Every structure is written in C-alpha cells, then in structure tokens.
Amino acid sequence: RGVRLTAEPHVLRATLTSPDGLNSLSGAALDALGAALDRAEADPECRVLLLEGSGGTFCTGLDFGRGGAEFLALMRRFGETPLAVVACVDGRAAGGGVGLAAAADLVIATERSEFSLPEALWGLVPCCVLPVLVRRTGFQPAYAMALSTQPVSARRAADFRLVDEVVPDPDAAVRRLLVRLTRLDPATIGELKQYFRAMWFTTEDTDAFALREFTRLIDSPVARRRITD
Amino acid sequence: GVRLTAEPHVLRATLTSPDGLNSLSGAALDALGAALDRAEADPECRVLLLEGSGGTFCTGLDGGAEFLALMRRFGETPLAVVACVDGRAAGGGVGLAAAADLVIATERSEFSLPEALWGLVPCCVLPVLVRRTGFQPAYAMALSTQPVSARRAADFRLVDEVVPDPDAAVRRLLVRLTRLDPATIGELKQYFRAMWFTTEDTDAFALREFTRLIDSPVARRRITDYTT
Amino acid sequence: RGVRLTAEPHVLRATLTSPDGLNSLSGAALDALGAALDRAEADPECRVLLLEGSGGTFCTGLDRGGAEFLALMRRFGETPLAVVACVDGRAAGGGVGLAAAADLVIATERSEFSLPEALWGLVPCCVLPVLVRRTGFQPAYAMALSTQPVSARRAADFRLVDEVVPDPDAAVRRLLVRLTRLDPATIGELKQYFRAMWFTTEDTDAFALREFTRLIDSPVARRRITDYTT
C-alpha cells in the first residue's frame, strides 16, 4: 500500500494509502507524489493534481534529512507547477501532513477533518512545514498550533484559511472547480504562480534554513531522548 | 469620468460611465488624482469617498504606471480614503478598493480577479491586495477567477464592514476621524508603510511583469478575441 | 510594585493592580514584569507566565520606558515558557501591545481592544510590529486609524484574541494539560525558530522607538499630550 494514481477527466488522483493507515511521508510516498506531478504535467488535458488520503487519515508527515529535502522540494514544485494542486482532506492531517495540505493551491476538507502540529511532543519543531503554513494562515494560527500541539477542526482551520472550503464531498468541490479552471491556459497558471512567489517574503534560502534547523533539532539530546522512546 | 461632490469633511468621487463598466481609463485615473489634490488642499476634508454607480464599483483598467502611482498616494495622503462598494469590483477595481484605507460594502457587492481568463495576472493589484487579505485569499481569488460575496470578502478583510448604507457608515466614522489632526493621519500611514515588507520597488516589478505578460502569446491571443 | 505575583501549580501569575485603575506600564511596573519573568524562568516547574489585569482593566499602555517595553515584549518572544495574556476588560494602546506580544491571548466577552494614540497625535509605534504579526496589516491599521475599541469576539476574528472564554484561569488550567508534556528547551527552540518565520527583526524595535520618540516631540503630539496632562 502506497500512492494509488487514477486518471479522471482533467484530473490526476493521487490517493495516499499505507499498510498501517498512518499515510506517513516516506521517501517512497514523496517520490510517488513527485512522479504523479510529472505525469500530471506531461498531460496537456490534466488541470488538477488531486491529493487525498484514506480511512480517516489524510497524512501524518515524515516517519521516524533526505526526507526533509525531498519534502521541501516537493512543496516548492506545488508552488510552481502550471496546474492546480488540490488537497482534499477527509480526516487526520498531522505534522508534515499539514505542510503537504498547506503547500497545495487549495485545501478542501470535510467537517471531521482535524489539523495538528504535534512535533513539540517529540522535542521537534515543524521547521519544514512553517514557511508555507505561515504564508497560508498568517503567523499566529501556525504558532498557536505548534505551541499547543492540539488539533484544530476543519471549521476552525477554515477561519484562518488553512482550509479554503469545508464541504460534504471534496470530489464534488473539485468537479465544481474544473468548470472555471478548464477555461485557463496552463501557461497563465504557471505565470500566476511565478508572480505570487514574489508576492511573499520567503525564498529558496528559507528552505535551506528550514532543513538546517530541522536536522540540528533532531540531533539535540531532548529530541534524541523522546524519539528513541 | 469622476463626478465630484463636496459634503461636510468629505469629497465624494463618484465613478460614472456610459457602458456602466466604470473602467479605469487614463482620464478616469487622471481625475481621481485631481480629486485627491482637491481633498488634500481643503483643510476641512478628512475623507476622500470613492464609489461607483449602477451596481458597478470599478471593473479595472481599459496606464498601469498611473494606476500604481494613484494607489501609492492612497497609502500616503494625510486623509482617509474610503472605498464605498455597492456592486461589482473586478480586476483593477479590486486594487482601487484594496488600496483605500477602508472598504465599506453592501451585501450585494462582489469582488473578483478574472485576469487569468485573458492570459493575465493582476500584477498591479496583488502587492496591496496581499497586504490587506494575506497571501491565500488573494491567491485563491486569482486562481479561481470566481467572484466573492461582500460577506466572504469581510472574513479576510478585503471588506472592512458590510453595511446596508455605506454613506451612513462614512458619516459614523467622521465622528472619531474629525478629532484627528491630518498630520497624525499622515504620520500613521507613513509608519504603517514600514510595517509591511513591500516597497516602491514592488511597484516597478509589478509594472514590468504586467507589461511582459500583456505582450505574451497567450495574453495577445485572448485579449485580441475579447476586443474583436 | 503595581504588579502582584502569585505562584500556582506550573504557573506564575502576574496581576497588574493600580489605585487609579488604569494599570499603566511605568518604569516600576515594567521592571516588576521583567523580574517576574526572571522568577518564572528560574523555576523548572513553571510552564506559564500568566499576565492579567484587575477591576475591568487589563492595561492602558505606558505612563526610555519605550525601550524597556520593547525589550520586555522581545523577551516574551524568546522566553522558554508560555506567556499567556488573560484579558478581562480594557486593553488600550500599549496594553494591546503587551497582550499581542504574549504567546496566547485569552479574553472574556466584556473585553475591548483599542489604539487611541492618534487622538493625542501619536502612533502606537512600539505596539504595531507585534500587533501586525498577530493580526495581519489591515486589522491593526483599521484599529489605529479609527481609534474605536473592538470587542473580544471581533478581536478573535483576526487572532488578536486566540480564544473568548467565560473564565481565562480555567482556559490556562486546560492549556497546562498539553504544555506540561513539553520540555522547556523545546518551547525555546520553537520560539527562536518562529522568530525566523516573520519579516520583523531587532532593527524593527530600534526603528519603532526612534519613530515614537520623534512623534512624542512633534508639534501636534506635544500640544494634545500637554492638553491631556493639564
């Protein structure tokens, strides 16, 4: 069990499945999402990369470096690709899984979805998640989630735009989206995303600093002590 | 052009047009600049009230250098620029509202960034729109091209207040605003300019990016078809 | 000291109290708050610095002290403990900065937040860097331009308040359930890293204080401030 790809009209569906149901962002999952974006980009008809979970879990992030680098690179590709990456959340989004939804162009979630940053419990900081989470929600919702470690409901997450829309069925919301999206030329989506990159204060240096700090932190005695147990 | 009405502590600049699109023409952009000159020379004027007519606020540009320069003045002028929206605000018209100190709207108002449909990016609108709403609401509007209701625009502060009558809200805000010295308005606005990460260099980037895109093959094709 | 300190399980409570009820931030009160944080930091069991007001006022701002105020807010952003501003009533001017600089703002429904500085020809220079980080640009700008207070419910819409509750002490006790599971070294690492996640720096504080000291000596401020104090 891993990333299942299904082609639908104008959509490439990338369904995260896992043997344990945690839908962790293993190197295998990150490569598979990377190759899904490759497939989606190579199709002149594909307008959306639909990112989703299964069994009440969207994604719980990296399991316990090389992972952090490919996670950061994959989130950066989401920000530049000339197609709409739509995170369809139906359940648990935790840690890196929050960053994976936050990096998408749109987050569409069901009412039962929860979003959390439990990293501080293991002596970690979600270094890799935060630049893209802060861009989406502002500094305070991201900070309050990191500090508290408590999950936030989809309706709550919609108040600070971590969720773009709470709906009964995210697949139906993606089909609604396609009506307006199929009218846009992929070159314009690419230009639109390139210009928005310059509309925020974070850079390629932010990614580098995020990875440096994440690896420093995971080697610290408190993170070491907690992760072992 | 721009119909101008002097009221107590207020200069009302009403955008009017034959087609009802209330497009920002070079002549409309010139008149709004002159309205601001009038507003600034009147020691008693505290508000430049910007509004549309006939269910349309403003539908953007018909140029980009004047539009950027006018929005920049809105952020500097030592008076409150209040955009009173009662209907449609699209593309450049969203930027003219977003650059105002306050956006006061009726429930029937809608805000949209339809630029992508014609192969464009709203380059000139986004620096000021992103400062007002944050990154994600601006980005979702531009990617989707779909209009947002005034109530929804109020959730991410594209609208400051949804009210039945914006002229009544401007009269209510005059109660506290008349008590402030124009020099304090000028100092507040200047200081707040340093409280965000955008500069005057953002304005030249926007203009260069828009002028490149407007001559791009997708934009040339779609715009030729829109006008023919 | 104008500040009452009380030790509770995992908590240091710093209650602002004043005979004039304004809970002003004087040199003496800012020093007491800095010493309180020194005490919270020296106690390994202390996880929260609980900052609150009394008798319907949280804090109405400053009584130089501007540098002390800016340095205290900066400490709040790095200290390896959770600073929680429990608001029950009036937070004005500098008082808004003192709350917005806390990790969490927990308020009762009757609470109001305002930036009346433009009334005395001032700009809330020292408040705005931490306020804008918390609420974004527009809510902070509308508050300063209008000078009109905002209810706790409306302040929660733009995260100036993290939660509106009937009892902020009960909400702090609820926070402790998860906070006590975190190592203080992690809180400090989290806060340091979050410092790198915004565009403001140490330079922003010095700019803020230079601008405020210029404005307090400007003709409009000198006249209105003189009018007020006389």
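Counting of residues begins from 1 for each chain and follows its sequence as written, which need not mirror the entry numbering; any residue without coordinates is not displayed. Whichever chain is written first becomes A and whichever ligand is written first becomes 1, with later ones labelled in order. For side-chain calculations, the full set of non-hydrogen atoms in the structure is used, while hydrogens and water are omitted.

Looking at the PDB entry, chain B carries the name Putative enoyl-CoA hydratase, with the source organism given as Streptomyces atroolivaceus. Here the entry title, as the record gives it, is "Crystal structure of LnmF protein from Streptomyces amphibiosporus".

With the PDB entry as reference, chain A is termed Putative enoyl-CoA hydratase, source organism Streptomyces atroolivaceus.

A. Just the interface of chain B and chain C, in detail. Any two residues whose heavy atoms approach within 4.5 Å are treated as being in contact. At the interface, 25 residues of chain B touch 32 residues of chain C. Throughout, the accessible surface (probe 1.4 Å) given up by two parts as they are put together, summed over both, is called the buried area. For the pair chain B and chain C, the two sides together bury roughly 2700 Å², of which 70% comes from carbon and sulfur. Salt bridges are identified by distance alone: a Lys or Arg side-chain nitrogen within 4 Å of an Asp or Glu carboxyl oxygen. Put simply, chain B and chain C have one salt bridge between them. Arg-214 of chain C is the partner of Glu-187 of chain B in a salt bridge, and the nearest nitrogen-oxygen pair spans 2.6 Å. Here a polar contact is recorded for every N or O atom pair within 3.5 Å, except that within protein the pair must consist of a potential hydrogen donor and a potential acceptor, and residues adjacent in sequence are included only if both atoms are side-chain atoms. Scanning the region where chain B abuts chain C turns up seven residue pairs in polar contact. When contributions to the side of chain B that touches chain C are tallied by element, the ones reaching two or more residues are α4 (126-133), α7 (166-177) and α8 (182-194) of chain B. Secondary structure elements are defined from DSSP: runs of H or I of at least 4 residues count as helices, runs of E of at least 2 residues count as strands, and each element is numbered from the N terminus. Element by element, the count of residues in the side of chain B that touches chain C is highest for α8 of chain B, at 10 residues. Basically, the charged four are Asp, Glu, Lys and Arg, the nonpolar ten are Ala, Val, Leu, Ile, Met, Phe, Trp, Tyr, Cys and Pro, and anything else, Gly included, counts as polar. Residues belonging to the side of chain B that touches chain C are distributed by class as follows: 13 nonpolar, two polar and 10 charged.

B. Just the nonpolar core, in detail. Counting 261 residues, the largest nonpolar core has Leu-100 and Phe-115 of chain A, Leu-96 and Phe-111 of chain B together with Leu-98 and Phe-113 of chain C as the members making the most contacts within it. With sequence-adjacent residues up to four places away left out, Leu-96 of chain B is seen in contact with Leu-15, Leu-24, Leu-32, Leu-50, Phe-57, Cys-58, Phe-67, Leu-70, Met-71 and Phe-74 of chain B. Only buried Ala, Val, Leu, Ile, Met, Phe, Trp, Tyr and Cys residues count toward a nonpolar core, and they belong to the same one when joined by side-chain atoms within 4.5 Å. When a residue's accessible area, from a 1.4 Å probe over protein chains only, is under 20% of the maximum for its type it is buried; when over 50% it is exposed; and in between it is partly exposed.

C. A look at the interface of chain A and chain C. Every contact between the two is made by 33 residues of chain A and, on the other side, 25 residues of chain C. Together chain A and chain C conceal approximately 2700 Å² of surface at their shared face, both sides included; 69% is due to carbon and sulfur atoms. At the junction of chain A and chain C, the tally comes to one salt bridge. For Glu-189 of chain C, the salt bridge is made with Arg-216 of chain A, and the minimal N-O distance between the two is 2.6 Å. Between chain A and chain C we count seven residue pairs in polar contact in total. Secondary-structure elements contributing two or more residues to the side of chain A that touches chain C are α4 (130-137), α5 (139-148), α9 (204-218) and α10 (221-228) of chain A. Within the side of chain A that touches chain C, the residues separate by chemical class into 22 nonpolar, six polar and five charged.

D. Representation of the pattern of salt bridges within the structure. A full pass over the atoms with the stated rule returns 45 salt bridges over all chains. Here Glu-52 of chain A ties to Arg-13 of chain A by a salt bridge, and the two come within 3.1 Å at their closest N and O atoms. Of this pair, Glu-52 of chain A sits in strand β3 (residues 48-52) while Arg-13 of chain A sits in strand β2 (residues 11-16), and the two are 39 residues apart along the sequence. Like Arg-13 of chain A, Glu-52 of chain A is buried. The partner of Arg-13 of chain C in a salt bridge is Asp-169 of chain C, with the nearest N and O atoms 2.8 Å apart. Shared partners join several salt bridges into a network, and the residues in it are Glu-8, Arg-13, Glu-52 and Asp-171 of chain A.

E. The arrangement of the domain arrangement of chain B in detail. Residue and element names in this part refer to chain B. The split of the chain into domains comes from an automatic or database domain assignment. Entries for chain B in the domain assignment read domain 1 (1-164) and domain 2 (182-228). Opposite the 24 residues of domain 1 that make contact, domain 2 presents 23 residues. Regarding the contact of domain 1 and domain 2, the summed buried area is about 2100 Å², with carbon and sulfur atoms giving 67% of it. Between domain 1 and domain 2 we count two salt bridges in total. One can count eight residue pairs in polar contact joining domain 1 with domain 2.

F. Looking closely at the packing of helix α8 (residues 186-197) of chain A against helix α5 (residues 135-144) of chain B. Lines fitted to the C-alpha atoms define the axes, with helices restricted to the stretch that makes contact. Angles between their N-to-C directions range from 0 to 180 degrees. It is the contact of α8 of chain A with α5 of chain B, at a shortest axis distance of 11 Å, that shows an interaxial angle of 165°. With respect to α5 of chain B, the axis of α8 of chain A lies roughly antiparallel. Between α8 of chain A and α5 of chain B the crossing geometry is right-handed. Only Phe-135, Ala-138, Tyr-139, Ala-142 and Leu-143 of chain B of α5 of chain B make contact with α8 of chain A, whose side of the interface consists of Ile-189, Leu-192, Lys-193 and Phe-196 of chain A. The residue makeup of the contact of α8 of chain A with α5 of chain B, split by class, is eight nonpolar, no polar and one charged. Note on angle classes: values under 35 degrees are labelled roughly parallel, values over 145 roughly antiparallel, values of 65 to 115 roughly perpendicular, and the remainder oblique. Working rule for handedness: look at the near helix, and if it is turned counterclockwise from the far one by less than a right angle, call the crossing left-handed; if clockwise, right-handed.

G. Examining unusual backbone geometry more closely. Residue and element names in this part refer to chain A. In the Ramachandran plot, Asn-23 falls in the positive-phi region, its phi being about 50° despite a non-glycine side chain. Structurally, the position occupied by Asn-23 is in the loop between β2 and α1 (27-42). The buried category is assigned to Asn-23, whose relative accessible area is 2%.

H. Focus on the pairing of β2 of chain A. Residue and element names in this part refer to chain A. Burial analysis of β2 places six of its six residues in the buried class, the great majority of the element. Sheet topology note: the strand β1 (residues 3-8)/β2 ladder contains six bridges and is antiparallel. Paired with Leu-5 across the bridge in β2 is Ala-14. Two strands pair if DSSP finds at least two bridges between them. Here β1 hands over to β2 after two residues, with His-10 in that stretch at a positive phi of 65°. Taken together, the five bridges between β2 and β3 define a ladder with parallel strand orientation. Within the sheet, the bridge partner assigned to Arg-13 lies in β3 and is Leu-50.

I. Structural detail: the sheet that holds strand β3 (residues 48-52) of chain C. All names here are of chain C. Strand order in this open sheet of six strands is β1-β2-β3-β5-β7-β10, and the pairing throughout is mixed. A single partner strand is all that each edge strand has here, and the edge strands are β1 (3-8) and β10 (163-164). Across six bridges, the pairing between β1 and strand β2 (residues 11-16) is antiparallel. Each residue of the ladder has a partner; that of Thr-6, found in β2, is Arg-13. Sheet contacts for helix α1 (residues 27-42): β1, β2, β3 and β5 (82-87); angle to β1, the most-contacted strand, approximately 15°.

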